[PDB]
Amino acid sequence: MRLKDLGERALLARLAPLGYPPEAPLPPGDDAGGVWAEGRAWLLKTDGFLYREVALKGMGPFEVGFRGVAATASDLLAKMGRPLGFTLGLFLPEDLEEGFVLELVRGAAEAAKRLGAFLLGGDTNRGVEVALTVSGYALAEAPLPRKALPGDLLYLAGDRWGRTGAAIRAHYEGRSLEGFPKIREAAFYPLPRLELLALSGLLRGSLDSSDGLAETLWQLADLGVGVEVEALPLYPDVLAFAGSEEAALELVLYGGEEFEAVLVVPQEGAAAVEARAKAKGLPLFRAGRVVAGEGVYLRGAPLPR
């Protein structure tokens, strides 16, 4: 079967276990992969993309490089790994201007610096179209896998929910983001949250949302549980942009590229976690909880994948 008909989800599921370590700190198909080395869970993650598929109107190579590192760092942080460094794989057309490449690299270096991390080099190769892969490694004291048990609460960390969806929709509709700076920042400089690490060792599991929250909630449900969302964050700017509560909901659920984490919090320490996040400046939103059975629900109604 050709990739077109196969689909990305099916292909990824088939490739996930190949060569994966049997006694790993994280299961196959998680937000990152890794091995146990001298008492620490060393994580490794590679994210790739075509320049023309991530660069929204107003974004230049600087923003693209910055987002590449941010994307990879977010997956590592959701697994409770502290990103230490990143490497770049670049495919560049021969007629590309060197200034363009310098911008891509400085953008990436800037995102790395904000995290206290570095660029450890990379590689460049001739290519037909500008394409890039960003890999990063992280040291995790308590690796957080995608796991959940009926009874645990579901929390949304960070504040890019609905905003990255708005930015993409604006880009597709040809609408300006003048008047929506937080939405623009969410798309141009999505800062991965080191504060997530304040919750290391306290959570049951997590999933990084890069392909939409609804899609992520179903990835959680597919673990073998039911998901009941009682509330979702609808930021004032997201509502203004959307025009209605219903329109804002679609941006929040079917937006994408949020690179914010969905956290599975055991009822036991839910009070502490809120306190911890609060104490460390980590935005936290209680969305719902995990239950026995299957399916994903939004206030009782079925939430479509």
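So that there is no doubt, residue numbering starts at 1 and follows the sequence shown.
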| query | finding |
| --- | --- |
| Higher-B stretch (mean Cα B-factor, as the entry records it), 274-282 or 46-54 | 274-282 |
| Higher-scoring stretch by recorded Cα B factor average, 112-120 or 144-152 | 144-152 |
| Options 196, 84, 231, 104 - largest CA temperature factor per the record | 231 |
| Residue 295, C-alpha B-factor rank within chain (lowest, middle or highest third) | highest |
| Chain-relative CA temperature factor third for residue 96 | highest |
| Chain-wide C-alpha B factor ranking for residue 19, given as lowest, middle or highest third | lowest |
| Cα B factor band for residue 237 (lowest, middle or highest third within the chain) | middle |
| Among modelled residues of the same chain, the CA temperature factor third for residue 247 | highest |
